[PDB]
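Single-structure report; data block below.
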Amino acid sequence: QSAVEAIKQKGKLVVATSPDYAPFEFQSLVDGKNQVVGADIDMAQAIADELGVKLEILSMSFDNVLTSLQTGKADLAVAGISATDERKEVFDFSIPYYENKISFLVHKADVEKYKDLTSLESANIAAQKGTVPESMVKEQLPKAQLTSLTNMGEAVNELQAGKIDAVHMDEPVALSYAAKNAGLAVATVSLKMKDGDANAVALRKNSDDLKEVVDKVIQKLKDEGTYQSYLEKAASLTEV
Ligand SMILES: NC(=[NH2+])NCCC[C@H](N)C(=O)O
């Protein structure tokens with residue numbers, strides 16, 4: 001019943017994530033080898049360090065991250081996860097570690113074009129399966145052709161190929177794609193967003209002892225501006 005003691009005993013903290021989402025988590029050539037990096041990984045490492053155990057990152061597609069936590073394949077899920085009311089019915093969440101807006105990534109040549117929701121309504125929109133940006137499009141733009149894709153990298157590949165006109169995603173991720181790729185930009189139009197709902201670490205219910213440790217680490221990061229600093233450092237890394 002003791003999450004903290006169980007983690008200490010096995011000597012590792014297992015964190016489920018989906019590394020398709022720079023600057024939160026993504027793949028980068030460190031040395032040498034492909035490695036999962038990003039602000040969420042630095043935070044997960046801080047939590048593991050506080051507990052005195054090794055960090056083990058378990059990579060999968062986003063739409064299976066919460067399920068893997070729920071069924072015991074990981075101790076925590078950290079994947080830029082919005083702490084929604086719906087999700088709070090099933091999981092407990094840490095205090096928020098970062099709060100951001102939600103944006104559309106488009107072609108630079110189309111920034112003047114997609115100025116309102118009516119214009120997006122007639123566009124081919126992509127979003128990630130099992131996500132808040134996906135739900136928002138379904139709710140607020142029901143008349144749009146929405147393509148739901150498992151992997152965010154594939155959504156962006158479809159945007160680059162011209163099969164998709166706009167991809168809905170967390171703003172820091174859109175900014176990163178725009179900053180690292182010539183033909184891309186963040187649209188000036190955005191959907192109405194669910195008040196509250198910041199990123200938080202997900203845990204199984206009745207994990208109060210582990211939640212306290214996670215909250216302590218997160219509060220210290222926010223107090224020192226460290227999570228912001230982690231995001232800025234991640235932005236200087238190249239993705240695979
Ligand atoms: N690693 C990822 N692909 N994360 C996607 C997160 C999307 C959104 N913030 C959500 O919780 O639904």
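All ligand and atom numbering here is 1-based and tracks the order in the structure. Numbers for residues simply follow the sequence, beginning at 1.
Under a 4.0 Å criterion applied to the non-hydrogen atoms of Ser82, ligand 1 contributes the atoms 8 (C), 9 (N), 10 (C), 11 (O). Within ligand 1, the atoms closer than 4.0 Å to a non-hydrogen atom of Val132 are 10 (C), 12 (O), numbered from 1 in the order shown. If you number the atoms of ligand 1 from 1 as listed, the ones under 4.0 Å from a heavy atom of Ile81 come out as 11 (O).
The closest approach between any non-hydrogen atom of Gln128 and ligand 1 is below 4.0 Å.
Counting heavy-atom neighbours within 6.0 Å of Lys115 NZ, excluding the residue itself, gives a total above 12. Open room surrounds NZ on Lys54; 12 or fewer heavy atoms of other groups in view lie less than 6.0 Å from it. By the 6.0 Å contact criterion, NZ on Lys10 is enclosed, its count of non-hydrogen atoms from other residues, nucleotides or ligands being greater than 12.
A salt bridge links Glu86 to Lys194: at least one charged side-chain nitrogen sits closer than 4.0 Å to a carboxylate oxygen. Note on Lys216 versus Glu212: no salt bridge recorded, every NZ/NE/NH1/NH2 to OD/OE distance being 4.0 Å or above. Of the charged side-chain nitrogens involved, none lies within less than 4.0 Å of a carboxylate oxygen, so that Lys211 and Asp92 do not count as a salt-bridged pair. Electrostatic pairing of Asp215 and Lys222 does not count as a salt bridge here, judged by no charged N lying under 4.0 Å from a carboxylate O.
Not one N or O of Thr131 is nearer than 3.5 Å to an N or O of ligand 1, by distance alone. At least one N or O atom of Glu25 sits closer than 3.5 Å to an N or O atom of ligand 1. Between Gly80 and ligand 1, at least one N/O pair is under 3.5 Å apart. The shortest N or O to N or O distance between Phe62 and ligand 1 is not below 3.5 Å.
At a heavy-atom cutoff of 4.0 Å, ligand 1 is contacted by the side chain of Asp170 but not by its backbone. The proximity of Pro133 to ligand 1, defined as any non-hydrogen pair under 4.0 Å, is limited to the side chain. Only the side chain of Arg87 comes within 4.0 Å of ligand 1, judged by heavy-atom distances. Only the side chain of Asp20 comes within 4.0 Å of ligand 1, judged by heavy-atom distances.
Between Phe24 and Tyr21, the ring planes are parallel. Angles under 30° get that label, and only those over 60° would be called perpendicular.
Among protein heavy atoms, atom 4 (N) of ligand 1 sits closest to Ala79 O, 2.9 Å.
Relative to the ring axis of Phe26, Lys180 places its NZ or CZ within 45° and under 6.0 Å from the centre.
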